[PDB]
Each structure stands twice: as structure tokens, then as C-alpha cells.
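Chemist: Here we go, the starting part of the complex in its complex frame:
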Amino acid sequence: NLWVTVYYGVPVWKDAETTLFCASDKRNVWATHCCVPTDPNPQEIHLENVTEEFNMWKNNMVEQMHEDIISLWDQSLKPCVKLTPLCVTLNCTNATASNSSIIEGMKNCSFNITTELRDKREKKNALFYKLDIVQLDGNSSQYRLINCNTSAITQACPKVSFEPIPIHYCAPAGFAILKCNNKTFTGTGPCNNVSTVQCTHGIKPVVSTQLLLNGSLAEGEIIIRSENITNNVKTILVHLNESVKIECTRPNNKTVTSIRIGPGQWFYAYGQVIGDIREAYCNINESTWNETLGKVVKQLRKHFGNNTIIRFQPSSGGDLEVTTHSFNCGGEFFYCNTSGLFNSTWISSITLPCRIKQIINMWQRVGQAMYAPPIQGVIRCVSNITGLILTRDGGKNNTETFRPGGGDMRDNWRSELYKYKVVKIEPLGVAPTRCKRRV
Amino acid sequence: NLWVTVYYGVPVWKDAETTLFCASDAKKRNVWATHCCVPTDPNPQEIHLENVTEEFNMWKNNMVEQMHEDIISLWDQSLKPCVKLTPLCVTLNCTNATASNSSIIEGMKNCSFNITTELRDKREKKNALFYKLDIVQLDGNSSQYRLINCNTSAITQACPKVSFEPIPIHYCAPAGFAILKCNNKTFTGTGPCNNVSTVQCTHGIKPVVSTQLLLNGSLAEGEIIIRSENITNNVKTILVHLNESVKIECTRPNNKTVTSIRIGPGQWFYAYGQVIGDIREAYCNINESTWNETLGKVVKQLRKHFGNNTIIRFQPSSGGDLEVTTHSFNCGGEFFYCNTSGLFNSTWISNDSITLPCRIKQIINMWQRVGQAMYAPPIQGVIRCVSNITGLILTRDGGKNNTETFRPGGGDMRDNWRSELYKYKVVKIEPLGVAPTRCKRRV
Amino acid sequence: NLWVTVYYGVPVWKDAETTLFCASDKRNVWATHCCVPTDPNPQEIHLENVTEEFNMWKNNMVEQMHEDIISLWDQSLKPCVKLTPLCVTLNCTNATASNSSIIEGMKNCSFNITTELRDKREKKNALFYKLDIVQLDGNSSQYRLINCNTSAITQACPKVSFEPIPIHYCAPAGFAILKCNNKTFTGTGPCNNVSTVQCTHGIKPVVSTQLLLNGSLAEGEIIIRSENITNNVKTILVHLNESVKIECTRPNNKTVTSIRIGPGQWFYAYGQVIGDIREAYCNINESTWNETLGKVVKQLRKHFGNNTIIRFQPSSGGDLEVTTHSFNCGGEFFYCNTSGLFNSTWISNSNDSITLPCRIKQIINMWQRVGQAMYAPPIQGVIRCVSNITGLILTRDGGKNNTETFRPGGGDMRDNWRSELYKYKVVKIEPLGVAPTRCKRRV
Amino acid sequence: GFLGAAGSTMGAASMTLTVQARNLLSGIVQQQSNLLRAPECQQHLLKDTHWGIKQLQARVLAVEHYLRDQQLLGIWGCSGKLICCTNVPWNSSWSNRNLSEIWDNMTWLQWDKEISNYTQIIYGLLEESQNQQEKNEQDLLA
Amino acid sequence: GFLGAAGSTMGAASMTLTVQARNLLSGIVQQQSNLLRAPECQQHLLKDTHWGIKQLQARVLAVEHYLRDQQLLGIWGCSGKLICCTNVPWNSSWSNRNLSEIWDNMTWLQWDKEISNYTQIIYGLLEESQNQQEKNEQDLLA
């Protein structure tokens, strides 16, 4: 009695991977690259009686944005000035400010550089953070840029703004974005309250190593997500339901010196110091940090035992990018000592000193080093901590030690896209029915 | 009653923006032929549209912006693989350059300089002649000089075997689009056109570059036509299409020897060697009569938009860069800049020949862009070229007691292409439509 | 009466020129570029009663082959280190080895090179092949690299392998590859054993000049193919039915010195050789060569008449690219003097081995382009290649007097790719057709 | 006669419906592609990359619009038909005038604008009508 | 209301079929077109060759999937429709769910999963059936 019938436009789909489109809302780099409106997307389609398995540890969207951000970064740096002539011998000394007060950083170096005429060199002076420079064979007052034995460095154009903006990722035709809405969802498994969208919400492509910045405030409850809570290989992400305010600052007021390299080529360095000497640092509310860690420890106890003792210790070792809290602030690049935060044990006005360096091997690549230009004037920025990156070491029974490991770069963004999945529409289907084609 | 019918293949269109493509007829290494590889129709067709009218706006036409973008993209593409004169920026001993019997040449300098060679550790002293307009003085009381480029950007030498002679380029729609051409002879833009035809490609436009006069264009079928985005607002430019051209000669008469240097591994730099013959100067010769009747007809037609008794005065450009103050153009690969003082000094109320002095400049800030400047290579021999002025670019100064002053002004290359694109409009076919009917669907 | 009926899905086709793609199965360029996986079980389908005309010297696939490969070499060298800072005057002497043995062919050359800091330079020393170096001026130990007056040179990346691997060439949809299975096919005319295939059998991109290496063997006898056997202007391709083993080697054990150019740029050269010097050479079995040359001579007799004299002489002239047999051996570049071969007389028709002295070069202008040279990195140790000769490239003289003299050819690598692709053609499917039938649409 | 008689009359468009339908797609882009390939310009298409991406943009957009049109005809039950009628009645609000007053007294390009803002409603009615018709034909298939 | 009936039981999605037919092609493609056309997107991103190539590839693949699906509808006969039956009996061995639950108490997602591994067999049957039908019609006319 039953006969084949073919239906076109069935509302079903399969898992897939595809290039999603990037859209957003002197110049901001993302706005030009993702130069397409996102305003006319006010609605979502709730799906009645659908269950779908999410896996935030196998999202291809996070990989896509990693490759997209690095591609954008490379493209934006590509036409900018090169600093190869600055890889010369430097005659260096201690810098000073006010009544000849020596600066902790700020090696003052002089260098012979070629001007617009190839047959003409001039001595020029510049101050540099001590972390960008390496001594030449232990000889006094002989130094080179840290780059000079790796690759040529590019100066980021001062006119472009690398401040992240909200980014929306939109399905191409024949594809859709499924978003879980279960507020207690732990990043993996079935979700039975799902809404389909054409575009994601606004996620800022923030960069950070060990603390999670300027993100969404998790859900109503603090959520700890892991591909395996037991395994020590996997990074542990903590998602806070309340933001923690942090005020980071470079207080030193300085002049910026503008040097000509060649035809149409300009270099910018830190010139004379204007104000008095003060360290770069971040301020964090001590009490707030305490109850936040307490709540996170309670949620950890829910996984590791109610009678378990849980302690936090600093990151064991590695490059600044591994152990320091690395980030951008006002266009400058900070690396902060977080040992004053992750030193505690649990049974049942914090000032982070901060180093600043201008030459960065972002994404731990060999070569392709970026030189951050200086910024004239004091820098002060405020950020919301929304989550944490924790590394579990294991050890003795009923002892749980976690450290603020930097994790992978992708973990900075898995923290934001855990709700999202991409699906390919499969409009074609077949079924039996009582009806049969005539003739 | 009435019901809906859906027709597919309806003949309608809407105004649209789209990329186009460019085609040229088959013919050393002329870049225009290379880029517009697509061959044209040997028998181009035109379909007259009976009882059709359409609004054209020559100042909002996407064709010209595509023109600017495509032409600049091609120029950058052509210069991209050519030799770089980046290392050629050193202190220069320059002195007065002389020809034949030690006779001074105004506007040139014999410059000696130290230059690299094949081996990076070997240098050599080399000599070359340069124009004053390409050189700036390092020390006001000495003979050290440099090239004007050196404080903006490195310069690229155009490839010596690549011709830049303009060729007619026909501009064609992709599928689904069409080009609508006005056939109203006195059409001034910004309005309806009654006599309209559909085409697939334009008539063939020579991408000629000029600043003060329109060269090698098309002539107006009727009388002289004056076009403006805003005739009353004097800030806008004024395009004048002539119905009779003016034949102008221009020449660099001095017979120059060309020399070449191996500046790098396969990098050749060309320059002007010594010179021979008597001293001669670059100029543009114009028939004084034909100019005067042309300008007389132009003022007569200006009096259609300005008062009959209004005084019409013509003055040179007040000032600015050499590119816009002068009449700038290309002659056989060389770049000419001519004063035009003898063309625009007159007042109009109710055997002879003229000559414009001209200057030669090899460093070109093409498209008024900062940096990325081009070095036009030297040309062996003596340069003579002839061109038809077909139209003029004029700016206006008012606020006078029933008097209007006009100057060349201009300088925006877009307007040049407007002179051959006011007729055309791009449209997108919308083959889907509906209509009422007396008919009904069955089953 | 008969009425039109329209058919879609027809099995007919036309000759066509289309874009193919490449699929093949330590950073080998070939595996990377042809990363598309191949069919493990290609399904050749014999087309019964189908005949197809082939003409391998009009086969457009060789052009696509040539363009794709040269693009691959150019792209692989794109990120690699430039050696332009090294083009400096060289202080050279005779190189030496253990016990001060005078090495033939090398030079110990020293040069001042810029270190990581651009304001400092250091003296470095390295061995080079004398064939890659020319005296800077007159007769002074001052010497330069041959390239320095032609173009900048890029060293091939030492971590990148260029070993040939079989490459299968696959059509896009709507195109099919017709394969001819006539074992006796001479490269032109009808073929009566035609099958369809998706991808070619797998052709290794071997590059050689005089003798065809590593190729496929003829199914039948030895086949001699040429557009005009009478017109000796064309080359002649010998496809053998039996292969010949050839053993080539650079036997001296060398080491490699690693010199910094710049921040991430490293130049590599032969630091030293141990001793017990001997020349690089190839070796061929004498009896195998004599028998193979006799069989090809029999086929030449078949073409040119039984009572005709045949003779073989070395190459008439040209550079090393065409006079010698050149090949790539593990990344190094051999050029062997084939005078020991092709020296014979044949009129109506020895347990030793033929030795071929071989010059070796690091500076290669691949594909005989001016500029864009490539510097082969050194290889530590001892180099040994083993190869199968499967064919020959010959040219014919015009001496007449009843004698046809033959010489090694070469100079156009396209013949090399063609030698393998003689039996494949690409055809576009045309699904549409019409025919008459004994009925009409009801309407 | 591409766009021929565009100003003549909407009633007797007739053969013009064919003429447009075959000159808005690959039936001319084949000519464009053969012309493009003929001088072996592919290297330019590769060297001048920007021009290449622009050409591919133009071709894919033309293809996308043609498929736009074919899908809209298909969902309306008008696949493979130049003139097709439906069962959706004409509304008085859609610039109602007697056929004696508009049919053969008015041409395309003069009255398309007179039914703007009603394209979407007509399209929605057509899809709903076609879907209901197809479901009814299914149910009748006893 | 795209995918609005995905979790509804089979048959509830019939009236939504017209909605689901759109946005595969020409529902999102023209939206993305105009959205990218307004800010000359890709036009000033032509220099970002990677980005342009990716977007062109994605649009091409949307087109190609649409053509594949439409052509498979063609080769089974009765294309241009959201609903159509064939003359091929159902092989109950595939699921043996010979119930009214084919139009109740189960969603299309679940069904597509349940018979996910008999897709090719159904396709081949439809192919042969249309071949026989076309030849039969040609013979009947002749």
C-alpha cells in the first residue's frame, strides 16, 4: 500500500564545515576587513522539540576565526613600514628622567642610520624597553634588537587601530547556525533548547593568555568546562557569572620621537621622558578576587569532592607569554606578574607589576615579528575579567592544585563560541505514502 | 474578474551598478591591448528602441568611476614587475649641461654621481643629463642635488619596451546587463533622452590623459555643447565639446643621445646622455586663427546660459601644482607641461600662429597620489606629435558687475572620460514580471 | 512524415582545450601541489566500435603540463631565501683536500658578507664549482658568480624535496580523457582502440635533455615518432620497448658549511671535501647500449630504406643545456658529455662499460629563461642515482649522399612531457542532440 | 532584437519573451568566454589577480540571478514556461484599471513602477497557492 | 520561519515546504550580495585575495549543491515541485514501520537518520523508473 514519494525542502540538516562570513556593525582594521552590516538581524527562530549534540572542543568555527584573525593580521601588517635598517649596532646606556634619576627599564641607545641619501648616515637616539634588546657577547654598551637573529620585523602602522570590535559570523546560503540556550550547558552533549540563526551575536576578538577579558558573563551560574575534567593534558576554562574590574596602566608620560628611515618610511620610538618614574601595573579588587575564587573553588569541589583541599599556585615556567598575563591596553602591550593572584589554599587592593615590550612574536611563530609603535601620553584602560584559564597538575589524593596556564590561543575563543554549531541544510528527502504517481 | 499571470523574459530594466569588461581590436607590447585582451565584435550591432525614453545623469554614471579604478589598477600592474630605481638616491655633482659647441642648455643639468654595479662592493662614477623639474638642491650655495622623489617614496621606472600609446577601448557589459546610449544630439546630461538605443559595447574610447584640454575625443554632432553638474554654481567644472577640432603640434626638438647603466643584477637604468645639434626648446604650436574662431563660438554658446550683454573674460589658472596649472599631457611617451598663457588671455564684449613654451618632467606623480611616483624613461631622438583638441575644461569665477571670468582649472581626470561617457548608462535586465488577465489556471 | 525529437544526455563529444587538475596518490612539492587524492581503482571503460583521431604534436595537454610545472617551480622558490647579498667580489684560489691534493673543478673562494647586524661584516670561506664562477676581470683571483650580470638568484629551500612522483591528470566534469591503446601507434592518425578514463596513468615529472629517463616503455616494438620524417627540422622521439640501466654518481664525500645571510636567511655551500678525489660520472652497460642502438637503427632503416647508411655523431653545438645530457640527481645538477655515445656507423649492421664524464653545476637557469636563476643547495655525503633510460631525443642531418646522420637533440622540455602523453586526448561532452522520429507532440 | 520593441506594448510582447530569456545567461557568456580565452589571456587573468576575481564575481552573480529567477518560477508551478497563469485573483489595490484602458494602451517600462510595493504580496500568494495545489493533488491521489 | 518545522512531526512540515525551499539559494545569497554591494565589499577587499577566493568558492558551492539537487529531481521525473510521487513501491525491509507514524509522532530529522543508509538504493530505483517511463511515453506517442 505504501509507495515512494520525494520531497524537496525538508527541514533537516547534517554537520559540516564551511567558510563563515565575517561582518561587524584613523581606521579600525576589523571594520574594513569585515565591512558588511549586521544591523538587520533582530530575530531568531526557536526550534520546538529539537535535540542536538554540541561539542565545544571540536568546533570548526574557533579554528576558522583563528586562521581568519592571523590572516587579517598578516594582511594589515603587509603594506606597513619595514625596520630592517634599524638592525645595527647600538651604543647604549641608562636613561634618566627629572634630576637624572635612572629608569628601571628604558635603555637609551644611539645608532647610525642611513637617511634619504644612501651616501649619508646620521646618529639618532631612542629609548627602548629592556626586553626588546639583547646584549652583544656580554660587551658593555653593545646591544642589538632581539629580532636580529630571527627575521625582519614590520612596524604596525600607527594609523590603524587594533582595538577589537564586536564580530558577527554569518552562515552562507544553504547553511545555518544552531545556538544552544540551555543556561546550564557544559559545552558538550545534547541540548534540547536550540535556536537557529543566520548570524552569531557580537564576540570581540580579544587576545589574552591566562585571564579571559571583555567576554560574555557566562550564564547565571559559574561554569567550568573541560574536554575531560580528570585529564591533566586538557585546559580547564572557568566562566564567571560576574565580571571582575581590572584597571591597567602605563603611568609614565613620555615624548615620542619620529625618525625618517627612507623615502616614505617612518620609524617611531620613545623619546624624552616628561614626568616622573612610575612602574606599569594593574589594580584588582582584593575582596572581589577572594569571593570569585571561593565560588570557583566551590564549583571545582562539585567535581573533585566536597572534602578536597584546593589551592592555586603561579604558573611554573615558560616564556612571558606562558607565565605572564599578556594583553593589549590602549595599543600598548602588557605582560603582568600574576603571582599575586594565584597563591591561595581553600579547605571548605592587589597590584600586579607589569612589564611592557614592543616587539612581539604573536602566536609563537618563528619570524613575522611585529613591532608595536609607541604611544605619546599616559595609558589607562579598564577591563572585565569574565573567565580563567586553569591547568591541573594532579598529585596526591584529595589535593587539587591549579595554575594559571596560558593554554592555547584558540581557548581564548572556544570560551565564546561554545554555544554555536554550523549545519548544512539537506533539502531533499524521501518517504512512503499511500499515494502513487498516476499512469 | 481578473487574475494574475507571470511573464518571464519581459523587456524591462532598472538602473544598476556592475563590474564591466574591456575589449580592443587586434594589432610593441602595448599595455592597453594586453589588458583588454578580449577581441571586439567585428560587426557591432545596435538596436534602436522605438517609443522609449530614459533618464541619464552623466555626473552619477558608474562608468567613469570604473574607468578611474580600472585605469589606475592597470598602471600599477604594469609598473609592478619593472626595474626599480630605489638605490638611485645619492649626492649629485650637477653643473650646467651644454650641447655641441659648449652652448648652455636651459633647464638641463649634467650630473655625476657614484652608483653601484653588478657587484655590491664595487662602485663607479657615472654621468647623465637631467631636467631641472626632477631635481632639488641640497645646499643653496653649492652643487649638491638629489631627485625630488627621495623624501616621498621610491620610484619605479616604466619598462622601456612597453608602449603606452592610447588605443580605442570598447567597454562591454556582462550577461544580464545592457548599455543604453542617447541619440539626442544636443543632450546636456542630467535629464531625459528620447532617442535611445541598446548596445553591448561602447564605440571605443582612447584613454588619453590631459588636465586643461580634452584631446583625441569625439566631436559634438551639432553646435558646441556646454555641460555642467550645476551651471549656476561656479565651483563645478564646465565641459565644452567642440563640433570642430583644433589641430595642435607639440615637439621636443633637441636630438638627444640616450645612455644606459647596469645598476643591479638585471636592473637597467636609462637616462639622457649628451646632446647634439643647436639649442632648441620644447613647445606647442597652435594655429592662432582656428583657436580664435573656436573660442568665439564657445563664448557665443556660453551666452545661452549666461547673459547676452554679460562680459566674458578668459584668464590663465591662478596657481597650484605644475600638474594642474599647466596643460599636462603625454607625447610619444614623454611628459609635457605647457603654460597655455597664450590661449586663455582675452576679453569678449558683444597667417598668424601662436606658440606655448613647454617643460619636460620625467618624474610623474600620476593620479596626484603621494608616493608611488613613476619615472618616464628617456626617448632617443626628436619627439614630434600632433593632437586634436576636441574640448575644454573650464572653471568659473563670478561675483562681478555682470562679468564672468573663466580659467582652465580642471585637473580631475574623471571629467575627461565623462566627455566620452555622458551618452551611456548601465542597466540590469529584470526579465520577471506579472500582469492581470482574463485567464485562469486549470487543475 | 518525420518530426524533430530532442535528446539530452547524448554520448557525443568534440575536441576541446580545457583546464585540467593534478592528483598524486619530507616536504615534496609534487605531493603538496597535487594534493587531490587519486582514484585507487580507476575504471577504464572500453568504447566498442569507437575510433578517434589523435595528434600528439597538437595535444594541448603538454602546454598545460608545461605551465603547471613551471608555475610549481616558481611558486616553491617564492618564500625561499634570496642570495643577492652574496653577489660580491670573490678572493679565490685552487681548492684542496687531504695531503694538499689539487682538486679539479672546485675553487676555495672567500668573501666579505654582512652579518646579522647590517653595520658589520665578516670574512667567510666556501668551496664552489668553477663552472658556476667567472673571472671578475682580466686574470685576477677576483671572481664573480655567473648570474650577477643577469638576475638575482634564489636558493631552493633545503628542507623542500623535488623528487619526481607519478602525477595523474584528471579532467573536470563535462570532459573525458580518451586513451588510445593501439600498441603500434605512431603519434598521429586514427586509433581504433579507444577507451574513456578520468585520470592519466601517472606520469613522473622527469626533466632531461637528450635521453628520456624513468619513463614508460612501449608495449610493442621500438616506435619512432616525428611530425615529418622527411623534414629534419622537427625533432624525433624514440620510445623504446626495453629499458637501459644507467648509474650516475658524484662520488666524493663532501661536507656543508652553513653561513648566515641575514636575520632568517642562511646560505649553504660545500665547506670541504675529504679526499681521494675522483670525477663525477655516469656508467652504461656496453652490450645493452649496442643492442638498443642496433634496434633503433633497424627502425630508422625501416623508415629511411634498407640500403641507406646510418651514422651517429655527438651534438653539433650549443650550451651545456643541449650539448650535454643534463639531469637532476637528488637536487644536484649533472651535465654529462655524451660524446662517448652516439659515435657509430651502421651499414648492414665487448664486456666493458661506457663511462660518461659529468660536469656538475649549482647555478641553473631552469627552462632556459633569462634570469630567475636557481641555486641548487649543496648535499653532504655521496650522491648516487640509478635510472632507466626508456627513450631518446634525436635530430637528423641533411648531408644526404645516401647517409642519414643523427645527433642528440633537446632544448624543448615540452617534447619530454609529450613523449609520455602521446596516447591521451581531452574531449568535451555535448549532451544535446536532435533526430527525426515517426510522431509529433500532441499539443 | 534584444530588448526589441521594449516600448511597443505589453499585450503583444509575444516573441520578445523568448528573445530576452535566452540572452541573459550562458547563451552569451559562452561567447564572452570563447572571446576571453581566444588570445590566451589566462596568464593575465592570473597575473592581474584583481581583474580575475572581478570577472569571476560578474559570472557568479549572473548565474546567481538566473537561478534566482528559475527557483521563483519553479516554486510557483511555472517551471519551463514563458507565460503561465495562476488561480490568485487580481486585487483592486494593485492599480486596478480596465484591460481596455491598459492592455495594448500601455507598455512595460511604464507600469512596472505602478505595481511596486506589491511584488512581495503577489509572490507570497503564488507560493501559498502552489503549495496548496500540490498538497491537494497529493490528497486526490487515492 | 526557516527550519520552523524541523522538530515538528512529519506532515507538519508540508505547509512550511515553500519556506524551507528558500534560503538554500537566492534567499540569503541576494541579501549577502546587497549587503556586500553597499560597502563595495570585496571591491576594496580585492587585495585580500585569499578572502575573495574563499567567498567566491563558497558561493559557487552553494550554486553547485542547488544544481545537484534540482538535477536529481529532474532525473527522477516530476521536478519543479515540492511534492511529487513516483511509481516505485516502498520496500518495507528498510524500516518495516508500516504505520501512520510516517505522518505522526516522529520528526523528519529522526526519519532521515533512520533511513540514512538506504539513500543510494532509493536513488537508483527512481532513476530506472524514470528511464522506463520516458521510453514508455515515447513509444506511446509513436
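Modeler: Done, it's in. Residues are numbered from 1 along each chain as shown, chains lettered A, B, ... in the order given.
Chemist: how about the residue of the stretch 51-200 of chain A found nearest chain D, what does it touch?
Modeler: For the stretch 51-200 of chain A and chain D, the shortest gap (CB to the nearest CB) falls at residue A:173, measuring 9.3 Å. Using the backbone N, CA and C atoms, a C-beta is placed for each residue, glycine as well. By CB atoms under 8 Å, 6 or more residues apart in numbering or on different chains, the residues touching residue A:173 are E:23, E:24, E:25, E:26, E:27, E:28, E:29, E:32, E:59, E:62.
Chemist: List the contacts of the fourth one.
Modeler: Yep, that's residue E:26 we're talking about. Going by CB under 8 Å, 6+ apart, residue E:26 touches A:173, D:64, D:67, D:68, D:71, D:72.
Chemist: Tell me which of those fall in strands.
Modeler: Using DSSP state E, no member of the contacts of residue E:26 falls in strands.
Chemist: Let me know the closest of these to residue E:78.
Modeler: residue D:71 (16.9 Å; CB to CB).
Chemist: Can you tell me how far residue A:431 is from chain B?
Modeler: 24 Å (CB to the nearest CB, to the nearest Å).
Chemist: Alpha carbons of whatever helix or strand that residue lives in, as CSV, please.
Modeler: Element membership for residue A:431 (DSSP states H and E) is strand A:428-433. Only the C-alpha atoms of strand A:428-433 are listed here, as CSV (Å, rounded to 0.1, in the frame of the first residue of the first chain):
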residue,chain,number,x,y,z
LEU,A,428,15.9,16.6,-0.1
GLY,A,429,14.1,13.7,1.5
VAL,A,430,12.0,10.6,0.7
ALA,A,431,9.2,8.8,2.5
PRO,A,432,6.4,6.2,2.0
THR,A,433,2.9,7.3,1.5
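Chemist: So which other helices or strands are in contact with it?
Modeler: Strand A:428-433 sits against strand A:3-8, helix E:49-75, helix E:108-114, with contacts defined as 3 or more CB pairs under 8 Å, 6 or more residues apart in numbering or on different chains; DSSP states H and E.
Chemist: Swap in 10 Å and give it another go.
Modeler: On a contact count with 3 or more CB pairs under 10 Å, 6 or more residues apart in numbering or on different chains; DSSP states H and E, strand A:428-433 meets strand A:3-8, helix E:49-75, strand E:83-89, helix E:108-114, helix E:119-141.
Chemist: who does it pair up with?
Modeler: Paired strands of strand A:428-433, with direction, are strand A:3-8 (antiparallel) (DSSP bridges).
Chemist: So what's the gap between the partner strand and the chain middle?
Modeler: Distance of strand A:3-8 from its chain centroid, counting by CA atoms, centre = their mean, to the nearest Å, is 50 Å.
Chemist: just stretch D:73-87 next, same as before
Modeler: Distance of stretch D:73-87 from its chain centroid, counting by CA atoms, centre = their mean, is 11 Å.
Chemist: next up, chain F:
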Amino acid sequence: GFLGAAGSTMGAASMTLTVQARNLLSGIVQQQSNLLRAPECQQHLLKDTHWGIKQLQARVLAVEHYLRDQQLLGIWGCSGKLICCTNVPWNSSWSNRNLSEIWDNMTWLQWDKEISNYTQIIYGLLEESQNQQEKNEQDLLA
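Modeler: Adding chain F to what we have so far:
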């Protein structure tokens, strides 16, 4: 075989027209499946921009040719069929064989050669016949 009987006989060859039409797009989807299995291959071939433009051009050209054929079928009233008959008679000017001389004893390739210059005339006549039939149908629906 895929092109089996192409050089044998028209009648037997015409039985299997399914495989060709299927492969015109199934080759494309199979090759892109091969690429999708290896995203690193897509990444390199993306970085090799020239290869990307080459094969994007190839794919869009294949799509173009398929749509060319499909729309030509559409204007002839043969959309959704591999076999269809019209009301255009056969002109003796170009061929005078009878059916037994062509549907047996001759190959489709030979047939393509036989009417190579008649076929465009058939395109024109089919277009006009379909337009006339459509106008007749429109006037019929009273």
C-alpha cells in the same frame, strides 16, 4: 559503459542517457568531496592563488555549460525530460535517410557530423513552436 555504444548504434545508445547527465554534476561534487576530506589541500591550493583562479574558472564554466543546456531545454518545452518530442517537422534539405538507416546502422557521433549545420535551425524552429503553443494555451484558458 559510460560512453558505451557511442560508436555502435543510436537506438541502443539512447537507452542510457541518465549516466551522462548525472556525471555532469556528480563529477564536481565528488572532486569537492575529495578536497573537503583534505582541508590542508584546500589551504595550500588557496595560497597557490593562481591554481585557485584556474579551477574556479573551470568549475564555473562547467556550471555555465550545464545551465546553457538546461535553459535551451526550457525554451523548447522539454524541461525535466531527457526524451521529448515536438511538432517541428523534419526538413529533407539536410538529411533524407529513413529511420531504419539512422537508429540502426549509424552512430551518434556520425549523426552529429551528419546534421552539424542543420541543428541551429532546429533551435530556432523549436523556440518559435514553443512560443506559439504557449500563446495558444493562454488563449485556450477561457
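Chemist: In light of the added chain F, please revisit the contacts of residue E:26.
Modeler: Counting by CB atoms under 10 Å, 6 or more residues apart in numbering or on different chains, residue E:26 touches A:173, D:64, D:65, D:67, D:68, D:69, D:70, D:71, D:72, E:33, E:62, E:66.
Chemist: switch the cut-off to 6 Å
Modeler: Applying CB atoms under 6 Å, 6 or more residues apart in numbering or on different chains to residue E:26 gives the contacts D:68, D:71.
Chemist: likewise the one 10 residues further on?
Modeler: When contacts are counted by CB under 6 Å, 6+ apart, residue E:36 is found next to residue A:36.
Chemist: same deal with the one 10 residues further on?
Modeler: With contacts defined as CB under 6 Å, 6+ apart, the neighbours of residue E:46 are D:50, D:53.
Chemist: any idea how far it lies from chain F?
Modeler: 12 Å.
Chemist: Who does residue A:114 form a beta bridge with?
Modeler: residue A:121.
Chemist: Could you see whether chain F lies near the strand holding residue A:431?
Modeler: No: judged by CB under 6 Å from any CB of the partner chain, strand A:428-433 makes no contact with chain F; its nearest approach is 13.2 Å.
Chemist: Counting neighbours, what do you get for the residue in chain D that chain A sits nearest to?
Modeler: In chain D, no residue comes nearer to chain A than residue D:141, which is 3.7 Å away by CB to the nearest CB. Residues lying near residue D:141 (other CB atoms under 10 Å in any protein chain shown) number 17.
Chemist: So residue D:93, which state does it fall into?
Modeler: At residue D:93, secondary structure determined by DSSP: H, G, I helix; E, B strand; the rest coil is coil.
Chemist: what's the closest non-adjacent residue to residue A:201?
Modeler: Computed as CB to CB, 6 or more residues apart in numbering or on different chains, the closest residue to residue A:201 that is not its neighbour in sequence is residue A:168, at 6.9 Å.
Chemist: what's the angle from the strand holding residue A:431 to helix E:49-75?
Modeler: Here strand A:428-433 runs at an angle of 30 degrees relative to helix E:49-75 (axes from the mean of the first three to the mean of the last three CA atoms, to 10 degrees).
Chemist: Which residue lies nearest the spatial centre of chain D?
Modeler: residue D:69 (4.9 Å; CA atoms, centre = their mean).
Chemist: Determine the number of other residues adjacent to residue A:307.
Modeler: Close neighbours of residue A:307, defined as other CB under 10 Å, add up to 9.
Chemist: Can you tell me the closest non-neighbouring residue to it?
Modeler: Nearest to residue A:307 is residue A:398, by CB to CB, 6+ apart, at 6.8 Å.
Chemist: swap in residue A:388?
Modeler: That would be residue A:238: by CB to CB, 6+ apart, it lies 4.0 Å from residue A:388.
Chemist: Wait, that neighbour touches residue A:385, no?
Modeler: No: in this structure residue A:238 lies outside contact range of residue A:385 using CB atoms under 6 Å: 10.1 Å.
Chemist: intersection of neighbour lists for these two?
Modeler: Counting by CB under 6 Å, 6+ apart, nothing touches both residue A:238 and residue A:385.
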